[PDB]
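Below is one structure, written out as structure tokens; comments come after it.
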Amino acid sequence: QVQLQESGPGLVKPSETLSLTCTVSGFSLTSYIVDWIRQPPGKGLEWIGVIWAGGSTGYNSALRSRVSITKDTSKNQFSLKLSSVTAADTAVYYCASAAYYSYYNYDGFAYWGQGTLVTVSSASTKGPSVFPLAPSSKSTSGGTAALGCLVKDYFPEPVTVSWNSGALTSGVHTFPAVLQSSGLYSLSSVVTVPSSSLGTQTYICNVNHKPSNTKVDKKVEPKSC
Amino acid sequence: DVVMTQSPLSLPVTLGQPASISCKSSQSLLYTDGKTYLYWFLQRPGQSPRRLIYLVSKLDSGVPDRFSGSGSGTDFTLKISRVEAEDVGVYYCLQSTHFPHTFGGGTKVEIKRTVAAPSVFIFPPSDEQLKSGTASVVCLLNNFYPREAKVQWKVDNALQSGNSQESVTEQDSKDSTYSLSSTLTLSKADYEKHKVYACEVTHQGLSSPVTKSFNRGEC
């Protein structure tokens with residue numbers, strides 16, 4: 001019954017400062033602590049630091065004094081800052097909270113935020129092109145048809161893809177993105193539906209690329225053969 | 001710093017069978033207050049880790065009793081008495097007795113299910129993309145098991161090399177299958193110069209390779 005909301009994903013230039021915020025809701029009968037953790041893509045978890053109820057902090061020495069955790073003006077809002085970043089700092093950053101009953105009795109890592117991917121790069125953001133993956137008899141297996149969207153040429157990750165504004169979830173497969181030689185990502189999202197529904201139901205893929213403030217809705221029209 | 005070693009790195013297990021994950025620390029995790037700050041988490045693809053166990057053996061709210069934790073000092077174990085399809089993912093152990101707090105490297109739990117042949121689908125490039133000077137052809141291998149699958153692109157029966165990329169979903173939490181998407185990228189000129197576009201699929205569930213193809217300009 002605790003929720004942690006983190007700020008959006010995006011770019012940080014090398015040597016510059018990464019800045020993230022976390023809002024912790026749901027604690028009422030006790031104070032709480034906030035731990036910060038990161039996860040490089042395809043790697044494990046690394047603990048960054050903690051902010052105690054009174055505002056004091058503890059940091060991982062591996063971060064070489066480049067880290068700061070502060071309490072913001074807004075109730076339950078915390079800021080994580082990491083200075084002089086390099087490619088080693090590219091990761092999904094998480095905040096995690098737990099009940100603090102007293103200094104001699106506290107929990108940790110009980111509730112986690114969704115995680116925000118921060119990419120360290122000197123490159124500019126680039127919004128995706130969204131192309132239909134049109135259904136046809138080449139994608140139609142005995143009463144079921146496959147269709148989708150190709151989300152191409154964007155930077156940095158991530159992108160979110162929904163179908164029919166979230167009304168369509170069954171049979172959806174959103175694939176891991178691939179990095180092309182251009183340095184831009186390409187991702188596909190597919191869905192299997194009854195083929196009889198193709199002439200009576202509209203299928204739209206909703207693509208959001210938060211780093212570039214790009215939102216694209218693409219109607220996927222069937223082929224005739 | 002305290003080193004946390006998880007064993008094994010990969011854990012394939014038959015549905016309904018037990019699973020055991022080991023976590024070993026380079027130093028005792030027993031704190032001066034008599035408590036052992038050892039935790040277990042489960043992380044699903046594209047999702048945050050979720051806590052299962054704290055204080056070695058205490059289950060978090062909503063965690064079913066097929067999950068259990070044991071151990072003391074430096075040796076710890078996460079047990080699943082009867083593995084279910086939804087138990088797939090990466091399990092991590094964590095210690096917070098010592099500063100800095102450190103995690104184990106993770107253990108990926110996989111379901112060993114019956115062989116399922118993939119359903120193969122092909123998609124031509126869109127006219128929208130063709131207008132930009134590029135042509136991407138997509139081949140989808142849906143809901144197969146095991147993970148091992150070979151995709152070969154053929155353009156007018158000529159085997160393609162260095163112009164395709166693919167990715168595979170993590171194991172499905174309901175049916176225990178994988179899906180694979182492969183993209184073949186050509187210039188519009190090369191695309192317009194050829195007729196037949198095919199993706200050849202080799203998998204254990206298939207007695208012979210399955211070729212899914214289309215002819216450019218049929219409709």
Side-chain angles (χ1 to χ4, degrees), chain A residues 4 35 37 39 44-47 49-50 58-62 92 94 96 98 104-105 107-115 129-141 144-148 150 152 158 171 173-180 186-190 192 218 223-225, chain B residues 1 6 33 35 37 39 41 43 45-51 54-55 60-61 90 92 94 96 99-106 119-130 132 134 136 138 140 142-143 165-170 172 179-183 185 197 212-215 218-219:
Chain A
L4 297 84
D35 279 280
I37 311 94
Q39 184 170 29
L45 302 156
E46 183 187 20
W47 178 78
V50 61
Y59 305 125
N60 189 324
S61 60
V92 173
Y94 305 98
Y104 60 94
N105 187 23
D107 190 17
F109 309 88
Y111 310 104
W112 293 59
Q114 72 279 19
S129 283
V130 181
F131 305 119
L133 291 169
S136 69
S137 58
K138 327 296 168 176
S139 78
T140 303
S141 175
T144 49
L147 61 99
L150 176 60
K152 205 188 190 286
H173 288 299
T174 298
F175 293 89
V178 294
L179 182 55
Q180 306 163 97
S186 182
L187 171 146
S188 71
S189 178
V190 303
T192 51
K218 176 61 75 174
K223 291 291 175 192
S224 302
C225 56
Chain B
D1 303 355
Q6 265 180 264
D33 62 6
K35 291 152 77 180
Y37 297 91
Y39 316 74
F41 306 85
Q43 177 179 46
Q47 274 186 33
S48 65
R50 184 176 295 271
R51 197 171 78 175
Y54 61 104
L55 295 174
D60 254 356
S61 305
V90 183
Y92 288 100
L94 163 71
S96 80
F99 195 85
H101 309 330
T102 53
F103 290 88
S119 285
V120 186
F121 309 100
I122 194 168
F123 303 98
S126 60
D127 291 326
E128 299 98 300
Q129 191 191 21
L130 288 172
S132 74
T134 299
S136 299
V138 174
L140 165 67
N142 220 41
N143 307 330
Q165 289 186 282
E166 66 172 39
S167 73
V168 186
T169 56
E170 288 298 304
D172 190 83
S179 292
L180 179 156
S181 176
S182 174
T183 306
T185 302
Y197 291 86
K212 233 54 155 58
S213 63
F214 70 87
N215 197 289
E218 184 184 326
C219 60

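Side chains are part of it too, since the values below use all heavy atoms of this structure and drop only hydrogens, waters and symmetry mates. Per chain, numbering begins at 1; letters A, B, ... match sequence-line order.
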B/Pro125, part contacting chain A, at a heavy-atom distance under 4.5 Å: neither
Chain B contact via A/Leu133 - which portion, at a heavy-atom distance below 4.5 Å: both
From CD (B/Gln43) to CG (A/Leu45), nearest 0.5 Å: 6.0 Å
The single option from B/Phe103, B/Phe99, B/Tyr39 passing ring pair (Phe, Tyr, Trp, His ring centres under 6.0 Å) against A/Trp47: B/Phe99
Salt bridge flag under 4.0 Å for residues B/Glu218 and A/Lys138: yes
Verdict with reasoning, B/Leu140 to A/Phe175, per side-chain contact (heavy atoms from CB on, under 4.5 Å): CA-CA 10 Å; B/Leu140 165 67; A/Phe175 293 89; 3.6 Å; yes
Which of B/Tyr92, B/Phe214, B/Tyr37 touches chain A most, by non-hydrogen pairs under 4.5 Å: B/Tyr92
Trace of the side-chain contact (heavy atoms from CB on, under 4.5 Å) decision for A/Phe109 with B/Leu94: CA-CA 10 Å; A/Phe109 309 88; B/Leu94 163 71; 3.5 Å; yes
side-chain hydrogen bond (donor to acceptor under 3.5 Å, both in side chains) partners of residues 121-130 of chain B, not counting sequence neighbours, each pair once: A/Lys218-B/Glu128, B/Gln129-B/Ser136
Polar contact flag, side-chain donor to acceptor under 3.5 angstrom, A/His173-B/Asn143: yes
Contact leader toward chain A among B/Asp172, B/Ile122, B/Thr183, where contacts are heavy-atom pairs under 4.5 Å: B/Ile122
Chain A contact via B/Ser61 - side chain, backbone, both or neither, heavy atoms under 4.5 Å: neither
Main-chain N/O of A/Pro176 paired to B/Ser167 side chain as donor or acceptor, under 3.5 Å: yes
B/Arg51 side chain to A/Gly108 backbone, donor-acceptor under 3.5 Å: yes
Any donor-acceptor pair under 3.5 Å from B/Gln165 side chain to A/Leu179 backbone: yes
Residue pair B/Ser181 / A/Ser188, side-chain donor-acceptor N/O under 3.5 Å: yes
Aromatic plane relationship, A/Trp112 with B/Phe41 - under 30° parallel, 30 to 60° tilted, over 60° perpendicular: perpendicular
Modelled atom types, side-chain donor and acceptor of A/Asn105 and B/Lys35, under 3.5 Å: yes
Residues in side chain to side chain donor-acceptor pair (under 3.5 Å) contact with A/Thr174, at least two apart in sequence or another chain: A/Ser189
